[PDB]
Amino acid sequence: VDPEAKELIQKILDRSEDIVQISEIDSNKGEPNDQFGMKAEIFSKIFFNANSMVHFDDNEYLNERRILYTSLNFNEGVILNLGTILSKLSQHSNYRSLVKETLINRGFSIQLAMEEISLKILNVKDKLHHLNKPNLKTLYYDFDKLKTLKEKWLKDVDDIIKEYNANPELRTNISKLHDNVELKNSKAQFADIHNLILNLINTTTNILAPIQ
């Protein structure tokens, strides 16, 4: 194991162990009863899965909600603030499925992908040395690619908050708030996020198949 392969193995494990450690530390912070003020108008009004007879506010979904909070760095301030703003939108069922799509298909999915890839790698931790350098670099740089998506998500979320707090029209013209959010969360963007994660998860799985 030459020095390039060594550092590369240590940094892959570091990034993996960071993500999963953050997740267990985020996990035993618990949550408010009101789920950061998103229960009443968002979580209690969407299904996480068509086959469940309960809504997203159910205790069944503690961990899924935790993943969404970790997707915003578990910054309470930001989650309350975005909670209040998306809650104004999802009061109108005509606009509720943009809030769902934004929360679940963006924040949740990006963070889920980081954690699943981390767990896949740590699951074969002792055998990463058997891998070639191109495959080790794909693993290493894959973390940088997911980080960009997470960075863009946190950016769009801070901007929504900044703009909502700077502009009275976004607080009263509900159809203007909708437009602002939709521009930041286009259907093209949702497909790019979906397809990137799909082929990062497939590529990771293929790379690890022989050390399994």
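The numbering used is simple: start at 1 and walk along the sequence shown.
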| item | value |
| --- | --- |
| Entry-level comparison of average CA B-factors, 199 to 207 and 185 to 193, reporting the higher stretch | 185 to 193 |
| Of 174 to 182 and 148 to 156, the one with larger mean CA B-factor | 174 to 182 |
| Out of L122, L89, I104, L72, residue topping the C-alpha B-factor column of the entry | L89 |
| Selection from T138, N132, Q111, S93 [criterion: highest C-alpha temperature factor in the record] | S93 |
| Assigned third (lowest, middle, highest) for the C-alpha B factor of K29 | highest |
| Third assignment of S97 from its chain's C-alpha B-factors | highest |
| Third of the chain, ranked by Cα B-factor, where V54 sits | highest |
| Lowest, middle or highest third - CA B-factor, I67 | lowest |
| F48 CA temperature factor, ranked by third within the chain | middle |
